[PDB]
Amino acid sequence: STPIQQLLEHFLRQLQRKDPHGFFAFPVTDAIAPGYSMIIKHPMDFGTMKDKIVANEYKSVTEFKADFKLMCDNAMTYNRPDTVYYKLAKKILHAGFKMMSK
Amino acid sequence: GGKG
């Protein structure tokens with residue numbers, strides 16, 4: 001486990017605590033979100049991010065932050081503003097970037 | 001719409 005992986009695993013646990021219901025925990029399927037694979041070209045979720053840390057696939061916090069922002073941007077694109085998913089995505093994107101930029 |  002490198003010092004960079006450890007940093008990223010710490011950031012991921014803290015980000016996942018902001019999603020207590022697990023809405024971002026695993027990939028969104030078309031069965032639960034009709035037309036999702038048509039609308040969202042580059043899906044992302046926390047479980048995929050955790051796997052990428054473990055695989056040593058992030059070179060920097062910067063590349064980690066981009067996967068987090070992609071996850072949140074996808075939820076704000078697919079879901080209408082007045083939904084629980086849109087609201088959480090907008091909220092945790094802002095609070096998560098602030099947390100990582102302290 | 002979306003997830004309902």
Side-chain angles (χ1 to χ4, degrees):
Chain A
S1 189
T2 67
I4 284 162
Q5 287 171 297
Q6 298 160 21
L7 179 53
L8 299 181
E9 294 283 7
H10 171 93
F11 280 165
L12 183 66
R13 287 189 289 269
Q14 286 309 121
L15 294 174
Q16 265 199 289
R17 270 196 280 264
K18 307 190 187 321
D19 169 41
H21 288 281
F23 296 145
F24 280 112
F26 302 119
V28 178
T29 54
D30 289 346
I32 80 111
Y36 197 90
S37 61
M38 173 173 81
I39 289 157
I40 290 310
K41 277 126 191 176
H42 299 112
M44 188 50 54
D45 61 279
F46 280 134
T48 298
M49 292 182 60
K50 166 70 128 60
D51 293 344
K52 293 180 62 177
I53 306 170
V54 171
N56 210 21
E57 278 171 359
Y58 294 115
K59 300 274 150 138
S60 65
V61 175
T62 304
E63 292 176 356
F64 177 86
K65 287 165 130 171
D67 263 355
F68 183 59
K69 178 170 194 295
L70 173 60
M71 177 180 85
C72 289
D73 281 349
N74 285 348
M76 289 186 288
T77 294
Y78 180 84
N79 299 283
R80 302 179 129 198
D82 30 81
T83 63
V84 163
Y85 308 108
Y86 183 103
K87 283 171 178 157
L88 181 69
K90 185 163 180 262
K91 179 195 200 170
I92 76 173
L93 176 55
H94 189 241
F97 265 55
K98 175 161 238 252
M99 172 196 84
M100 298 178 284
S101 275
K102 290 181 175 72
Chain B
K3 276 176 202 182

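Every chain is numbered from 1 and lettered A, B, ... according to where its sequence line falls, protein lines coming before strand lines. All values below come from the heavy atoms of this structure, side chains included, with hydrogens, waters and symmetry mates left out.
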Rounded to the nearest 0.5 Å, what's the gap from [atom1] on [X] to [atom2] on [Y]? Could you check?
| X | Y | atom1 | atom2 | value |
| --- | --- | --- | --- | --- |
| A/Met38 | A/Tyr78 | CE | OH | 9.0 Å |
| A/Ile92 | A/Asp19 | CD1 | CG | 5.5 Å |
| A/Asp73 | A/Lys90 | CG | NZ | 12.0 Å |
| A/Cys72 | A/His94 | SG | NE2 | 12.0 Å |
| A/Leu15 | A/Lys50 | CG | NZ | 13.0 Å |
| A/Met100 | A/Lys69 | CE | NZ | 11.5 Å |

Would you say [X]'s side chain and [Y]'s backbone share a donor-acceptor pair under 3.5 angstrom?
| X | Y | result |
| --- | --- | --- |
| A/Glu63 | A/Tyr58 | no |
| A/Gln5 | A/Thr2 | yes |
| A/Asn74 | A/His42 | yes |
| A/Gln6 | A/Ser1 | yes |

field: Under the ring pair (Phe, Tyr, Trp, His ring centres under 6.0 Å) test, residues paired with A/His21 that sit two or more places apart
entry: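 A/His21: ring pair (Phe, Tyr, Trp, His ring centres under 6.0 Å) contacts with A/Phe23.
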message: Does the plane of the ring in A/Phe68 sit parallel, tilted or perpendicular to the ring in A/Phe97? Use 30° and 60° as the thresholds.
response: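 Parallel, since the angle between the ring planes stays under 30°.
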Any idea which heavy atoms bring [X] and [Y] closest together, and the distance?
| X | Y | answer |
| --- | --- | --- |
| A/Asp45 | A/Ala25 | OD2-O, 3.4 Å |
| A/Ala33 | A/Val28 | CB-CG1, 3.6 Å |
| A/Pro34 | B/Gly2 | CD-O, 3.7 Å |
| A/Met49 | A/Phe64 | CE-CE1, 3.5 Å |

Indicate, with yes or no, if [Y] and [X] share a hydrophobic cluster defined by side-chain heavy-atom contacts under 4.5 Å among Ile, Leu, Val, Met, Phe, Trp and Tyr.
| X | Y | answer |
| --- | --- | --- |
| A/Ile40 | A/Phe46 | no |
| A/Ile53 | A/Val61 | yes |
| A/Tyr36 | A/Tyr85 | no |
| A/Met76 | A/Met71 | yes |

message: Is it true that, when you exclude A/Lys65 itself, more than 12 heavy atoms of the residues, nucleotides or ligands shown sit nearer than 6.0 Å to its NZ?
response: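 For A/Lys65, atom NZ is crowded (more than 12 foreign heavy atoms under 6.0 Å).
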- request: Can you establish whether the number of heavy atoms outside A/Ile4 located under 6.0 Å from its atom CD1 is more than 12?
  value: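 For A/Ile4, atom CD1 is not crowded (no more than 12 foreign heavy atoms under 6.0 Å).
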- prompt: Got a sec, which residues hit salt bridge (charged side-chain N to carboxylate O under 4.0 Å, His left out) with A/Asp67, two or more places apart in sequence or on another chain?
  reply: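 For A/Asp67, the residues satisfying salt bridge (charged side-chain N to carboxylate O under 4.0 Å, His left out) (neighbours in sequence not counted) are A/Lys52.
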field: A/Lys91: side-chain contact (heavy atoms from CB on, under 4.5 Å) partners, not counting sequence neighbours
entry: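 A/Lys91 satisfies side-chain contact (heavy atoms from CB on, under 4.5 Å) with no residue once adjacent residues are dropped.
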- request: State, with a plain yes or no, whether a side-chain heavy atom of A/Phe24 is found less than 4.5 Å away from one of A/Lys18.
  value: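 Not touching, per the 4.5 Å side-chain cut-off.
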Beyond-backbone contact of A/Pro27 with A/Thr48, side-chain heavy atoms, under 4.5 angstrom: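 Yes, at least one pair of side-chain atoms sits under 4.5 Å.
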- request: Begin from the C-alpha positions of A/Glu57 and A/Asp51 and carry the test side-chain contact (heavy atoms from CB on, under 4.5 Å) through to its verdict.
  value: CA-CA 9 Å; A/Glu57 278 171 359; A/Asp51 293 344; over 6 Å; no
